[PDB]
Amino acid sequence: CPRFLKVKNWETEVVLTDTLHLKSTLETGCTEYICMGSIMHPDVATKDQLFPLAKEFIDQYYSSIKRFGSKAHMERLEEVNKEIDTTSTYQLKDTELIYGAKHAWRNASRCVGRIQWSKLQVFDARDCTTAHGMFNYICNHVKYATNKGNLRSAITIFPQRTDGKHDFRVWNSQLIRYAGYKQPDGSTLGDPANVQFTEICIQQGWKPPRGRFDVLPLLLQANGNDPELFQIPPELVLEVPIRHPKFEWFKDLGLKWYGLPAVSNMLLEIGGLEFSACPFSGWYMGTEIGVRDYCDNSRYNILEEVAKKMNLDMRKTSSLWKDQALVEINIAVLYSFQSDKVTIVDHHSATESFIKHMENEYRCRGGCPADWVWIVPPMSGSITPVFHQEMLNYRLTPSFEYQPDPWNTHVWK
Amino acid sequence: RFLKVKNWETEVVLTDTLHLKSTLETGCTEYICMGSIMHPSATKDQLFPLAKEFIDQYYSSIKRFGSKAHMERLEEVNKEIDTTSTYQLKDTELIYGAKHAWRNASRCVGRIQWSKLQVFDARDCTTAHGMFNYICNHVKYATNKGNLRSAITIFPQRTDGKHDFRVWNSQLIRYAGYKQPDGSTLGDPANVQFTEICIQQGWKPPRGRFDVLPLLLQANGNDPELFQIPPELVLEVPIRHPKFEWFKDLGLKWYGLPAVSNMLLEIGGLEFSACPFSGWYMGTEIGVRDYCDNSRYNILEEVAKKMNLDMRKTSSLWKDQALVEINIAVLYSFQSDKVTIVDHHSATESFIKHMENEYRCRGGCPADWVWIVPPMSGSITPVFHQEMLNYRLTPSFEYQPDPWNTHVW
Ligand code: HEM
Ligand code: HEM
Ligand SMILES: Cc1cc(N)nc(CCc2cncc(CCCN(C)C)c2)c1
Ligand SMILES: Cc1cc(N)nc(CCc2cncc(CCCN(C)C)c2)c1
Ligand SMILES: C[C@H](O)[C@H](O)[C@H]1CNc2nc(N)[nH]c(=O)c2N1
Ligand SMILES: C[C@H](O)[C@H](O)[C@H]1CNc2nc(N)[nH]c(=O)c2N1
Ligand SMILES: [Zn+2]
């Protein structure tokens, strides 16, 4: 591959030069003959595979702390070696773990919020042994990160994978989601996306309130055991009721959302170690709720009802009635959240901040991988600066990765 | 391998077999994806297999593979490349190759129309004056008094690079951009440089906001020459809003005919360096990009004024609100003037049905998500949720250098 690749911003004519792609460790799905850039998703590591992966990460860590080739660098390397050789694995020091987590976020090509990458509270839960223990650790995460509305980004890292039969997993794809219930008549109450998961919870013994906005319990799996249900204390789940600054009727829609966005289904990869339960949280970009959660057809799908209360001509599509409502909805989302002093960023601010971030990363690190398809907001795309920004996408390690759904893989005891 | 593409709204899965038939690179590799890069990066021996394969797919597409018609044609092309280092397409082959370059255009959301293409063979052309006549007839035909019709005009192929036919205008119809003293820019800032080349060539500009640039036509490697399209041929739409009576007072208008004239049509290893093609507008091209891009007409702020919007924080989404109203007015104007136009909801809806057709009958449809998804209201259109595979099928429209960077006078 060529040593320097060039990206161009077509609005400002600014050109950036990427050398960091040279450090790419994983495949993208693309080949020279086909591009998968818009495909959403394109038993354990052996001693021989583990050795070079660990060394790679160790070198990189001591390179970050400006002690490359130092006595402590060679000593850490030999210790990790000795350990992989005797135990087929090794354990990260707390410093390495925190560095690894921060960088996994730094390398997350789909995340537009990465300007904040180095401010990340890391909770080491590697001593956890039970699901009740996971529940404790998670509750602490939530209360900390929520911070009464002034959100702070946090990750909680549970023990690494060992033999594959003793995985820690959060079954919830996100820590906080609303239930979805499928009626006999074919309609769906709640959040239709979560119908399968809700069903799982119900089977496990969850008594459903059958409402539009019922917070799902946690379904926690420790040490490869069957998962266990727990209810998050409602006092720990901060929510924002949606209202509109101009339209007083908007509040009559009975809408609300949760303040804390937190992913719990991904796998954290550091130095060849796999952390299968590593829930992380930041704060919301308005469009995530106002556009996707609310306006996707297989989600809350409120465009129609909102348009009606707006007295919009809805026979032609060229009236653009869908669009007009969308903007209002997203205004009401940012307004509710700010009025309740819960941290939220609009899509203009977030994308602007990301460009400055990207530019700085090219300047200091020789590149910044980015997935244009994910980075560009799902509304008003071209009036945000990222739309006109060329981006190279490649996978750096440490990383957050996808993993199969646990209910597809679990061997029920 | 057979690849699957999933729409994440309907859960429809399509199996792509077509991609196995491609041979041009996309620029990506296993480790680096360049799907958001806009411009990623012929002898007798080179030319023949290219020629061979294309004749092969033509006789395959018309169900006469192995026929004597097929055989002779293969022998005919052989002898002609042999003795002239090039070869000439049959008319039927020209029309197929044009329609199929459109069909293979991964960046075009309009492809459901691909087989309804009017093809004007201008390969007998020899002078700029010729090109100008051919182009005027194109324009008049395709405009059709508002009921637009897809057209392409194809000039003589490349032979030796030194005798290239080129339309210097990136598009057939665009407005002039003027660089003011005070540093502001009049007209369309994107054309500023070209506008000034035209002036430097003898063009007397009216220095207004919407001045139709003249045609700059290069024939057979020669210096390009200026020609003004007759005004009566250039259909234009005044932009008014249905509810906002003040919108007319913004003084906005656009041309009704979108016609790309800077690309290269490639067929059977032949290079048609001059091949303007035209269609009709999707409303967002004008309403979003042309008008609201900071580097273009940049009307967003001015519009936001007249809507009496709070423009202090971005979180008031005032830019968004003004944008939707601009695009309503555009659609509304064209429609009121019986000028053909498609809204991005219908356009994207059409593209999805087209993808179904292509998978059903052809085993896939190359598509560039970055270009297919409209520049506004992305996820409330069907294609945002549609996985698409991009790959390069031939015949194709490729980019080419700007002529004012390679032409010797
Ligand atoms: C601090 C403020 C943050 C903001 C404003 C932000 C913003 C976003 C947005 C808008 C998305 C797209 C989400 C979607 O459409 O599903 C996203 C995705 C993502 N973010 Fe961030 N994020 C933040 C924090 C974090 C943190 C703390 C981490 C990890 C430590 C992270 C890693 C990721 C990853 C891995 C994805 C991909 C999600 C997926 O593949 O499903 N982000 N982020
Ligand atoms: C008939 C109705 C058509 C519609 C609604 C349509 C729609 C569009 C749109 C919206 C774009 C993006 C334009 C931009 O962002 O600059 C595009 C690109 C494109 N179209 Fe179509 N188009 C149509 C006809 C055609 C025809 C007749 C051809 C060729 C014979 C064609 C070939 C292409 C190509 C090659 C591109 C890529 C342009 C580039 O690379 O800059 N289209 N189309
Ligand atoms: C760290 C982080 C920050 C942020 N702004 N958003 C996220 C994703 C938030 C999120 C919350 N509830 C539900 C979802 C579902 C997304 C569904 N996608 C994967 C199809 C996503 C994560
Ligand atoms: C065939 C065709 C159909 C269509 N609907 N749009 C187009 C684009 C036409 C077009 C007209 N004037 C100006 C432009 C500028 C494009 C600017 N891009 C290249 C940066 C483009 C072409
Ligand atoms: C098909 C396509 O890849 C898919 O709909 C993507 C598009 N871009 C996205 N971007 C973000 N941030 N989140 C998403 O879920 C998606 N979905
Ligand atoms: C950076 C990116 O490649 C560039 O801005 C592209 C994005 N998608 C686009 N899509 C269309 N239809 N037209 C464009 O000009 C662009 N520009
Ligand atoms: Zn790619």
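Protein chains get the first letters and strands the later ones, always in sequence-line order, with residue 1 at the start of each. All values below were derived from every heavy atom in this structure, side-chain atoms included, with hydrogens, water molecules and symmetry-related copies excluded.
Of the possible polar contacts, none joining the A:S349 side chain to the A:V345 backbone as a donor-acceptor pair under 3.5 Å is found. In this structure, the side chain of B:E30 does not engage the main chain of A:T28 through any donor-acceptor pair within 3.5 Å. No side-chain donor-acceptor contact under 3.5 Å links A:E228 to the backbone of A:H132. A donor-acceptor distance shorter than 3.5 angstrom exists from the side chain of A:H21 to the backbone of A:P2, with no hydrogens or angles considered. Remark: side-chain polar atoms of A:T409 are paired, donor with acceptor, to backbone N or O of A:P406 under 3.5 angstrom. Panel note: side chain A:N147, backbone A:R152; no donor-acceptor pair is recorded below 3.5 Å. No donor-acceptor pair closer than 3.5 Å links the side chain of A:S63 to the backbone N or O of A:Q60. Within the 3.5 Å criterion, the main-chain N or O of A:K143 finds no donor-acceptor partner in the side chain of A:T146. Side chain of A:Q403 to backbone of A:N265: a donor-acceptor contact under 3.5 angstrom is found. Side-chain atoms of A:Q203 never come within 3.5 Å of backbone atoms of A:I200 as a donor-acceptor pair (strictly under, hydrogens ignored).
Of all heavy-atom pairs between B:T29 and A:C1, the closest is OG1-SG, 4.1 Å. Considering every non-hydrogen atom in both A:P369 and A:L20, the closest pair reads CD-CD2, 4.3 Å. In terms of heavy-atom proximity, A:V386 sits nearest to A:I355 at CG1-CD1, 4.0 Å. In plain terms, the two heavy atoms of A:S298 and B:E9 that are nearest each other are CB-O, 4.2 Å. For the pair A:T384 and A:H348, the tightest heavy-atom approach, listed with the atom from each and the gap, is CG2-ND1, 4.0 Å. Closest approach of A:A222 to A:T130, counting heavy atoms only: CB-C, 3.5 Å.
The ring pair (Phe, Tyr, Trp, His ring centres under 6.0 Å) test with A:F230 is passed by exactly one of A:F135, A:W171, A:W206: A:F135.
Inter-residue side-chain proximity for A:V373 and B:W369 is flagged as met; some heavy-atom pair is nearer than 4.5 Å. Proximity of A:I155 to A:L120: side-chain heavy atoms (C-beta onward) are separated by under 4.5 Å at one or more points. For the pair A:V14/A:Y362, no side-chain contact is recorded, criterion being any heavy-atom separation below 4.5 Å from C-beta on. Taking the side chain as every heavy atom from C-beta outward, A:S109 and A:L396 never approach each other to under 4.5 Å. Counting heavy atoms from C-beta outward, B:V373 and A:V376 have side chains that stay 4.5 Å or more apart.
Atom CE of A:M266 is separated from atom OG of A:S276 by 13.0 Å, given to the nearest 0.5 angstrom. Note that the CD atom of A:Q174 and the CZ atom of A:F197 stand 9.5 Å from one another [nearest 0.5 Å]. Atom SG of A:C201 is separated from atom CG of A:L219 by 5.0 Å, given to the nearest 0.5 angstrom. Atom CE of A:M74 is separated from atom OG of A:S70 by 6.5 Å, given to the nearest 0.5 angstrom. Considering CG of A:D191 and CG of A:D214, their distance stands at 11.0 Å, rounded to 0.5 Å. Put simply, CD1 on A:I344 and OG on B:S315 are 9.5 Å apart, with the number rounded to the nearest 0.5 Å.
B:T314 and A:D346 are linked by a side-chain donor-acceptor pair at a separation below 3.5 angstrom, with hydrogens and angles left out of the test. Counted by atom type alone, B:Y391 and B:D16 present one or more donor-acceptor pairs between their side chains at under 3.5 Å. Defined by atom type and a distance below 3.5 Å, a donor-acceptor pair is present between the side-chain atoms of A:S281 and A:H141. A donor and an acceptor atom, one from each side chain of A:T287 and A:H347, are nowhere located under 3.5 Å apart. Residues A:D127 and A:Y137 bring a donor and an acceptor atom of their side chains to less than 3.5 Å of each other.
Look at A:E75 and A:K71 and you find a salt bridge, because one of the NZ, NE, NH1 or NH2 atoms lies within 4.0 Å of a carboxylate O, short of that distance. A salt bridge is defined here as a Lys NZ or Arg NE, NH1 or NH2 lying under 4.0 Å from an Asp or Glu carboxylate O, and A:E361 with A:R365 meets this definition. In summary, A:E27 and A:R395 do not engage in a salt bridge, as defined by a charged side-chain N under 4.0 Å from a carboxylate O. Between A:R126 and A:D124 there is a salt bridge, since at least one side-chain N of the basic residue sits less than 4.0 Å from a carboxylate O of the acidic one. Ion pairing between B:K6 and B:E387 fails under the 4.0 Å rule for side-chain N and carboxylate O. Under a 4.0 Å N-O distance rule, the pair A:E96/A:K93 does not qualify as a salt bridge. Salt-bridge check for A:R177 with A:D293: failed, with every basic side-chain N at 4.0 Å or more from each acidic carboxylate O. Salt bridge A:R110/A:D371: present, at least one basic N to carboxylate O contact under 4.0 Å.
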Subject >> Evaluation steps, ring pair (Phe, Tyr, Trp, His ring centres under 6.0 Å), between A:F213 and A:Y258 >> reply: CA-CA 10 Å; A:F213 300 100; A:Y258 43 86; 9.6 Å; no
**OP:** For side-chain contact (heavy atoms from CB on, under 4.5 Å), just list the numbers for A:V215 and A:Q231, CA-CA rounded to whole Å, side-chain angles, deciding distance to a tenth of an Å, and then say yes or no.
**Re:** CA-CA 9 Å; A:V215 182; A:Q231 193 193 34; over 6 Å; no
Subject >> Worked verdict on A:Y61 versus A:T95 for side chain to side chain donor-acceptor pair (under 3.5 Å) >> reply: CA-CA 9 Å; A:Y61 170 75; A:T95 52; 3.2 Å; yes
**OP:** Determine, step by step, whether A:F51 and A:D85 satisfy the side-chain contact (heavy atoms from CB on, under 4.5 Å) criterion, reporting the C-alpha distance in whole Å, the side-chain angles of both residues, the deciding distance to 0.1 Å, and the verdict.
**Re:** CA-CA 9 Å; A:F51 287 124; A:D85 213 43; 3.5 Å; yes
**OP:** Go through the steps for A:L392 and A:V7 under the test side-chain contact (heavy atoms from CB on, under 4.5 Å), then give the verdict.
**Re:** CA-CA 7 Å; A:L392 288 176; A:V7 309; 3.7 Å; yes
Subject >> side-chain contact (heavy atoms from CB on, under 4.5 Å) evaluation trace for A:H73 with A:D59 >> reply: CA-CA 7 Å; A:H73 180 196; A:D59 291 351; 2.9 Å; yes
**OP:** Take A:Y294 and A:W257, measure what ring pair (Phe, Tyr, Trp, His ring centres under 6.0 Å) needs, and give me the verdict at the end.
**Re:** CA-CA 10 Å; A:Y294 280 171; A:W257 206 253; 5.7 Å; yes
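In summary, the aromatic rings of A:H103 and A:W105 are positioned with their centroids too far apart to meet the 6.0 Å limit. Ring centers of A:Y62 and A:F68: at least 6.0 Å apart, outside the cut-off. A distance below 6.0 Å separates the ring centres of A:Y144 and A:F123. Side-chain rings of A:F275 and A:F168 stay apart, their centers remaining 6.0 Å or farther from each other.
The 12-atom threshold is exceeded at NZ of A:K47, counting heavy atoms of other residues, nucleotides or ligands nearer than 6.0 Å.
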